[PDB]
Amino acid sequence: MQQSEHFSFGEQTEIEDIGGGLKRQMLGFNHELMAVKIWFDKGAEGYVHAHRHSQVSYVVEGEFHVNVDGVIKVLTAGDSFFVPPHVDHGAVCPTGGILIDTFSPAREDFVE
Amino acid sequence: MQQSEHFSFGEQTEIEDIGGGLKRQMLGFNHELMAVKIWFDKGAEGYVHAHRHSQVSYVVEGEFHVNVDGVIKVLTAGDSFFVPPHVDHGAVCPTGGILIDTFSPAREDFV
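Going line by line, the protein sequences match chains A and B. Just so you know, we're using the authors' numbering here: the first sequence kicks off at 1 and counts up by one. Just so you know, we're using the authors' numbering here: the second sequence kicks off at 1 and counts up by one.
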């Protein structure tokens, strides 16, 4: 839809079941910037992955095993990672948790 | 500095006192994307102001009075806002609290 409302309330915006133990909520977007909220079930993952979009991620809560470019770290609440364009990366959450994923271009795949 | 490390740690990243009862911590960036964490002291205020950068913001915790394009809303943990380029926006935090601000180009002024 080109862009989102200027305001979003966590309690109204639909939380979308995208399979794989993952749930996604739009926080706000336009053509060049986009932020979503992802809930991980215990042990859920984004299977190992790459894309053009720049990506910055923030751990809201839970323990995240994150792979960026073969470097591997365990991340907890308050931590973040950065994925350059086209860089290989992965994320696993054994405990369950919440991420804020932000991307520069928007991800057209998400705006269904 | 081009860009950040691929990994950043809440207990290690230096948190910068940026005056007005605001503090900022870098979460990760390159030329085209940037995410920072802002701590508001109780009653501290984010001046209304505009810029080309797109902005998407998430409220981690606290109560925020947020202005975008003159419309004002009370935001609490889990809510978010989006500021189109060059649109007026600002935020006041009566209770004290925490934001994540994300920008597309990077905010070159914050490095």
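For each residue, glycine too, the CB sits at the ideal point set by N, CA and C.
Item                                                                                                                                                                  : Value
For A:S80, collect the residues of the same chain with a Cβ closer than 8 Å to its Cβ; drop the 5 residues on either side in sequence, then sort them by chain order. : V56, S57, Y58 and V59
If distances are taken between C-alpha atoms only, which option among A:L33, A:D88, A:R107 and A:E32 comes closest to A:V48?                                          : A:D88
What is the DSSP secondary structure of B:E108, reduced to helix, strand or coil?                                                                                     : helix
How is B:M34 classed by DSSP in three states: helix, strand or coil?                                                                                                  : strand
List the residues of chain A that B:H6 touches, going by C-beta distances under 8 Å, in chain order.                                                                  : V68, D69, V71, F81, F82, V83, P84 and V87
Do you know whose CA, among A:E14, A:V71, A:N67 and A:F82, lies nearest A:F103's CA?                                                                                  : A:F82
If I'm right that A:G90 touches A:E61 with Cβ under 8 Å, what's the distance once you round it to whole angstroms?                                                    : No, A:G90 and A:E61 are not in contact; Cβ-Cβ is about 19 Å, not under 8 Å.
Between the segment 45 to 60 of chain B and chain A, which residues of the former have a C-beta closer than 9 Å to a C-beta of the latter?                            : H53, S54, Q55, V56, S57, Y58, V59 and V60
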